[PDB]
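This document opens with one chain alone, in structure tokens, the form solved without the ligand.
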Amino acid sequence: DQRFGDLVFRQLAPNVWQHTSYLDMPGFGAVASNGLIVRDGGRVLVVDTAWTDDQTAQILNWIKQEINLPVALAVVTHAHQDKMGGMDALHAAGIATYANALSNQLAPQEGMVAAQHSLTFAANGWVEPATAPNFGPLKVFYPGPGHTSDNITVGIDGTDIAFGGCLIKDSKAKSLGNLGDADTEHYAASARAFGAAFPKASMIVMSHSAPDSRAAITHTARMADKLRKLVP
């Protein structure tokens, strides 16, 4: 695990790294958020920003020093601060940014700055390739509402890795979330859709926990299931 400033990096495969940023906040402590960095031939692809523009810049600085390839594009997984808080740093660096159209639509409402481009999805959940030009091994899937209405998901082709973002909870989590933009009705089915979209992923990377097995997916849907009846 390479430390770089306030960011931590963990190689998950040749060509794939997890980036982790921390939001240092009173009462709680540091809240971790994870994203991905993927080397695809002669360029780098990033999934998710860090919490802040300055932390995101540090990712880019780490990429420069450790990998020394240019960053072609970033995909951002939904319109929350842990995923899109550093969009300005990506834009300032001349990186082409992508998000779900709905994520761009909601961005202003949240405190976020919108990605430059909007991804669109088929009825099957799969991204319309015309809207995701040159994503290389990044396979982008919209599993349905869950953690959020806009949440998207990313598989990394030629690896066992799939990224659930904040949709999939840890195999030992007890809660699905605190905020009313989680879709309690559909969550379980969204969790499962994700699993069905990347049936070969054995390593399941997520926003707030160390990578886990496919048990995270099962656990997350099960939770979602039991809760559906208890929400006031």
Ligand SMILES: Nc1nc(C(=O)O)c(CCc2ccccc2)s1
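Numbering starts at 1 and runs along the sequence shown. Throughout, rigid core stands for the largest set of C-alpha atoms superposing within 1.5 Å between the two forms.
Higher mean CA B-factor, judged across 218-226 and 15-23 from the recorded values: 218-226. Comparing 26-34 with 160-168, the stretch with the higher mean C-alpha B-factor in the PDB entry is 26-34. You'll see in the entry that, of 111, 86, 143, 137, the Cα B factor peaks at 111.
For residue 61, the recorded CA B-factor ranks within the middle third of the chain. Only modelled residues enter the ranking. Among the modelled residues of the chain, residue 68 sits in the highest third by CA temperature factor in this PDB entry.
Placement of the Cα temperature factor of residue 207 within the chain: middle third of the modelled residues, per the deposited record. In the deposited entry, the Cα temperature factor of residue 40 places it in the highest third of its chain's modelled residues. Residue 54: CA B factor lies in the middle third for its chain, per the PDB record.
The form deposited with the ligand bound is left out here; the points below concern that form.
Placing the ligand onto this chain by superimposing the site C-alphas, using its pose in the entry with it bound, gives no ligand atom within 2.4 angstroms of backbone or C-beta atoms, which makes the site open.
Figure note: of the listed segments 166-174, 65-73, 37-45, 191-199, the one touching the ligand in the entry with it bound, with heavy atoms no more than 4.5 Å away, is 166-174. When contacts are judged by a 4.5 Å heavy atom cut-off, residue 222 does not count as touching the ligand in the entry with it bound. After superposition on the rigid core, the Cα of residue 177 moves by 2 Å or more between this form and the one not shown.
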